[PDB]
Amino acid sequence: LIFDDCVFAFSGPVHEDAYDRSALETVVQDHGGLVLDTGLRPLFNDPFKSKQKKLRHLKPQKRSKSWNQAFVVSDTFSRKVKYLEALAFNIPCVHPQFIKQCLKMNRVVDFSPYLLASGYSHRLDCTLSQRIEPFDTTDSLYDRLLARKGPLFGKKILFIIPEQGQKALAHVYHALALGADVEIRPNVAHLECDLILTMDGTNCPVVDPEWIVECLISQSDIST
């Protein structure tokens, strides 16, 4: 079975019917690949399980020891949920043509020729490339994700939060996935800080969620 130990999530399509999701999901399943309908989040522990307000960066979930390859499929680059998560996790976003090429070769070929742009940077006004650590035939996804420290690793972020609340949680989730620790508060309260995030309600300094996306698209700490 070609897709043995591979996890797939499917994003978009961005443009109507640029690819047949259901057909491809079926082909993947029929070949030993697991399909995650909601996306890559099940690879990690739910940070919001405790409904806590001071959060540590994400840790790989037990179940991800069971796989060694992951991919998000997309007709082109986007800012949809599954896409950003993948960017956050350093999991390759690839063109559907990858799956078809795997079938054609009766194996899992190198995904690079099908590796989409990471996204469009408004700050830089260009499309950037994804930068993917190669899959090691030695590690499970659990090893890979455990050993990964994202571009925001170490950084301590204060997210100030007095429908819209879920939007905030998503930004927090991305910051955690990039390796930052995040404390959710209503005020700075004179707290020590590396960086402060608001949806836009005094010594860090401050920045909005677009900053997070730039970090996601560029896989860097752009405040640098």
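We number the residues from 1 along the sequence you see.
- In this entry, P162 is separated from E163 by 10 or more residues of the deposited sequence that have no coordinates.
- According to the entry, the deposited sequence places 4 to 9 unmodelled residues between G201 and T202.
- Legend: mean Cα B-factor per stretch from the PDB entry, 118 to 126 versus 131 to 139; the higher mean is in 131 to 139.
- Relative to one another, 50 to 58 and 63 to 71 have unequal mean CA B-factors, and 50 to 58 is the one with the higher figure.
- The entry lists C-alpha B-factors for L197, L36, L43, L191, and the highest of these is at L191.
- Comparing C-alpha B-factors across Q97, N90, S78, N106 in the deposited entry, the largest value falls on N106.
- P13 sits in the middle third of its chain by CA B factor, as recorded in the PDB entry.
- When the modelled residues of the chain are ordered by C-alpha B-factor, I222 sits in the highest third.
- Split the chain's modelled residues into thirds by C-alpha temperature factor. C215 is in the lowest one.
- In this PDB entry, the Cα temperature factor of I2 sits in the top third of its chain's modelled residues, the highest group.
- Remark: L176 belongs to the middle third of its chain, ranked by C-alpha B-factor as recorded.
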